[PDB]
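Asker: I have a structure here, written as structure tokens, and I will follow up with some questions on it.
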Amino acid sequence: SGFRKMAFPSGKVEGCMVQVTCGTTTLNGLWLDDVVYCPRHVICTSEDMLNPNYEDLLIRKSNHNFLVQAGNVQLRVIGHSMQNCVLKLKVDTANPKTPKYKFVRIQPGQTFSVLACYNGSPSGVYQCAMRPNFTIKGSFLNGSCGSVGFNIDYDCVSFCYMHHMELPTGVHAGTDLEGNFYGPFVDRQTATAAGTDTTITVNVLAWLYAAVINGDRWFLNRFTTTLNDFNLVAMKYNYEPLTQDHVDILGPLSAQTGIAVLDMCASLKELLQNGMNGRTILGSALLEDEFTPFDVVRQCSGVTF
Amino acid sequence: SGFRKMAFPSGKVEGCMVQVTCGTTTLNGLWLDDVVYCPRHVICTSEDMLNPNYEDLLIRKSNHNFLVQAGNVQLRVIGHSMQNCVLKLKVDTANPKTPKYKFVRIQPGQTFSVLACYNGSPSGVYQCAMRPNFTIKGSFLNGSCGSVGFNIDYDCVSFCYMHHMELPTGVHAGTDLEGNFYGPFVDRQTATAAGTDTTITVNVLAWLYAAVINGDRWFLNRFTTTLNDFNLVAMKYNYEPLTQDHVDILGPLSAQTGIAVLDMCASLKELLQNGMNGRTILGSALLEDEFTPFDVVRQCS
Ligand SMILES: O=c1[nH]c(-c2cccc(Cl)c2)c(-n2nnc3ccccc32)c(=O)n1-c1cncc2ccccc12
Ligand SMILES: O=c1[nH]c(-c2cccc(Cl)c2)c(-n2nnc3ccccc32)c(=O)n1-c1cncc2ccccc12
Ligand SMILES: [Cl-]
């Protein structure tokens, strides 16, 4: 029993983190096979960050301008290229600790484990969700760029996030590993801000199932709802639409608890309309929305990697 | 910016996790140099657990009755010894991935990371605290025993917890890596009562400082309190007393923010007495008590 913010074991990713230095800037890179991936703004001075044309800025660099430190060994850079916002440094040595891996782009609401690093060295690991407004509520200090987010499935690490920037309100923006930012954010100095956010409905439902699995049941009720009737209520409370796919993905939790998804939806409807009336669910006084259905299954069923 | 329940990277501990089988029971062990540590109740059946004579039960076991597997590689046990409530299984091979390590016994209120494992393989990693009643609010299923808690103190892995049992409350109890239980719990079936779980006041104050560092300031006020007067309000609300040592440990955060510790006590006093009035602090509608002062400094600077 129990339910915690639970990250994937991070060892497979730790073995891939390196330090990348260009000029007076140091940040983190991800070393997979014979390529090191890092944010392309490693080549930028703070002065460069205004209307930068990265094609100019990168042609003014050579291989010897990049210093890649992998523990006690210096990897020699033998080529470089950029894939949209991600710089790819070709090195002379394939990382012998490369895990089985994929690059995936996740959807708003999906979660991942962040391995926060400084100077190529892992510092901590925590869970994040990609918010509907395409930010993440991370914990990142100066020097954390190039830290990555990932999920694991069996023996395969699926990298889905590379950290690039902090926004004015203290939330974070970054790219997938193929170099495309999540959301309208850009690796240049602009006066932009995160937009209005919403609550990830399918995740709140997953977490209510986690609560039932752990014995917290006070919020259940006798009612059911149709999917459309639920969504008419959800929109009023700034919740994301629940799709039929979300209902399907919640199936395993419904089977394990015996509570139909639309029955859970009626429970959530009543919590939104009445509040929690001083009670708590899994130690929280708010409805938690950064556990996916799979996060609940992997934790409550003891999946290993 | 930002503030998250952050665990230490688990890779150094992953390299020490092994599977330990005795009879039909499989749980986890910790492989350091040529020794594997695991809960001694691995040798018990559920019927043995009703009234176990661990000394007699261990005498009856042989080295070959302990099956140890590191990944898909089998290790041969060449000795077995009581270590309070854990077993030390001597094996043929020193673990080549043994990190620099020490065994530390932690204090109530201190935090640590847990690598939850099943059958010798890792499931996930999370942060938790040793509660004032010497339980931990973990996430553990059947088969998780032998999973360990740890901190990474600079150049060294500090192992502080090995998991042994879930109490009827759904919270968890275990030993340090010397095999001595935290709290009054025992590795046998009892009508074990758990003490009063109280809130870790020094940690709540640390987390309020984290909130100010991150820009949440609405809860500060111009009232004042003495330490004794604050502590009277604290235990009214089932908070632990705040000691002079706690005040000094909050020194670095009070210096960074410019807010005296007793002035933050005045803020916490008002929050306890009036509530939050529908506002949140660091994304929470409740006061968080599982970040130590050290956790906040580590994460915020
Ligand atoms: O580390 C970083 N480096 C840089 C940086 C980029 C280029 C050159 C240089 Cl010299 C630096 C960041 N910038 N700055 N302007 C940007 C504009 C668009 C994109 C990224 C940007 C940045 O946001 N972060 C940070 C990341 N996460 C948390 C942080 C907390 C506190 C301070 C910085 C944090
Ligand atoms: O895995 C475990 N194994 C055993 C066990 C011990 C001896 C023999 C056998 Cl055959 C089994 C546990 N027991 N049982 N009585 C005990 C009495 C004192 C100490 C430990 C005890 C135990 O509590 N746990 C568990 C640990 N954490 C979470 C759990 C969730 C759900 C079920 C079990 C959980
Ligand atoms: Cl809360």
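All residue names refer to the structure tokens as shown: chains lettered A, B, ... in order, residues numbered from 1 in each chain, ligands numbered from 1 in order.
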Near chain B, which residues of chain A fall within 8 Å when you count only C-alpha atoms, and what do they look like as a VMD selection string?

Answerer: chain A and resid 1 to 12 14 115 122 to 126 137 to 141 166 170 to 171 284 to 286 298 to 305

Asker: Tell me which protein, DNA and RNA residues are within 7 Å of residue A:83, counting only C-alpha atoms, leaving out same-chain ones fewer than 2 positions away, and put them as an NGL selection string.

Answerer: :A and (81 or 85-87 or 178-179)

Asker: Please report, as a ChimeraX atom specification, each residue of stretch 42-257 of chain B to which DSSP assigns helix (DSSP H, G or I) when run on this structure's backbone.

Answerer: /B:42-43,48-50,54-59,63-65,201-213,227-236,244-249,251-257

Asker: Using only C-alpha atoms, which residues sit within 8 Å of stretch 174-187 of chain B once same-chain residues fewer than 5 positions away are excluded, as JSON, numbers by chain?

Answerer: {"B": [37, 39, 41, 49, 83, 84, 85, 86, 87, 103, 104, 105, 133, 134, 135, 159, 160, 161, 162, 163, 164, 165, 192]}

Asker: Include C-alpha atoms and write out the residues we just selected as an mmCIF file, in the first residue's frame.

Answerer:
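Done, and the output landed in selection20.cif:
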data_model
loop_
_atom_site.group_PDB
_atom_site.id
_atom_site.type_symbol
_atom_site.label_atom_id
_atom_site.label_comp_id
_atom_site.auth_asym_id
_atom_site.auth_seq_id
_atom_site.Cartn_x
_atom_site.Cartn_y
_atom_site.Cartn_z
ATOM 1 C CA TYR B 37 22.101 -7.952 3.185
ATOM 2 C CA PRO B 39 15.610 -9.125 5.986
ATOM 3 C CA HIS B 41 12.309 -13.009 7.820
ATOM 4 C CA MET B 49 5.875 -15.501 11.515
ATOM 5 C CA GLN B 83 22.936 -9.249 11.869
ATOM 6 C CA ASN B 84 20.273 -8.222 14.389
ATOM 7 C CA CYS B 85 17.085 -8.355 12.244
ATOM 8 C CA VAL B 86 18.882 -8.674 8.880
ATOM 9 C CA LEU B 87 21.023 -11.478 7.489
ATOM 10 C CA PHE B 103 25.558 2.786 6.981
ATOM 11 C CA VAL B 104 23.908 5.736 8.795
ATOM 12 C CA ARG B 105 21.033 5.628 11.259
ATOM 13 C CA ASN B 133 6.587 7.720 15.216
ATOM 14 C CA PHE B 134 9.381 5.891 13.313
ATOM 15 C CA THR B 135 7.167 4.706 10.471
ATOM 16 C CA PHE B 159 22.211 3.643 3.352
ATOM 17 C CA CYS B 160 19.718 4.322 6.151
ATOM 18 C CA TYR B 161 16.737 1.988 5.670
ATOM 19 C CA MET B 162 15.896 -1.570 4.685
ATOM 20 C CA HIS B 163 12.213 -2.370 4.257
ATOM 21 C CA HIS B 164 10.682 -5.158 6.391
ATOM 22 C CA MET B 165 6.911 -4.787 6.836
ATOM 23 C CA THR B 192 1.730 -3.673 17.114
#

Asker: Distance table requested - chain A against ligand 1, cut-off 8 Å, only C-alpha atoms and all ligand atoms: one row per qualifying residue with the closest atom pair and its distance in Å to one decimal, ordered by chain and rising residue number, as a tab-separated table.

Answerer:
residue	atom	partner	partner_atom_place_in_ligand_line	distance
A:24	CA	ligand 1	10 (Cl)	7.9
A:25	CA	ligand 1	10 (Cl)	6.0
A:27	CA	ligand 1	1 (O)	7.6
A:41	CA	ligand 1	7 (C)	4.9
A:42	CA	ligand 1	7 (C)	6.1
A:43	CA	ligand 1	8 (C)	7.4
A:44	CA	ligand 1	8 (C)	4.9
A:45	CA	ligand 1	10 (Cl)	5.0
A:46	CA	ligand 1	10 (Cl)	4.8
A:48	CA	ligand 1	8 (C)	7.6
A:49	CA	ligand 1	17 (C)	6.3
A:139	CA	ligand 1	28 (C)	7.6
A:140	CA	ligand 1	28 (C)	4.4
A:141	CA	ligand 1	30 (C)	4.0
A:142	CA	ligand 1	1 (O)	3.7
A:143	CA	ligand 1	1 (O)	4.3
A:144	CA	ligand 1	1 (O)	5.5
A:145	CA	ligand 1	1 (O)	5.2
A:163	CA	ligand 1	26 (C)	7.1
A:164	CA	ligand 1	20 (C)	5.5
A:165	CA	ligand 1	23 (O)	3.5
A:166	CA	ligand 1	23 (O)	4.3
A:167	CA	ligand 1	23 (O)	7.0
A:170	CA	ligand 1	30 (C)	7.8
A:172	CA	ligand 1	27 (N)	6.7
A:186	CA	ligand 1	18 (C)	6.2
A:187	CA	ligand 1	19 (C)	3.9
A:188	CA	ligand 1	18 (C)	4.1
A:189	CA	ligand 1	17 (C)	4.4
A:190	CA	ligand 1	17 (C)	7.2

Asker: Extract, using only C-alpha atoms, all DNA, RNA and protein residues at most 10 Å from stretch 252-262 of chain A, discarding same-chain residues fewer than 2 positions from it, and format them as a PyMOL selection string.

Answerer: chain A and resi 205-210+212-213+220+223-227+230+246-250+264-268+293-294+296-297

Asker: Grab the atom CA of residue B:256 to atom CA of residue B:292 distance for me, in Å with one decimal place.

Answerer: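 Calculated distance between atom CA of residue B:256 and atom CA of residue B:292 is 15.8 Å.
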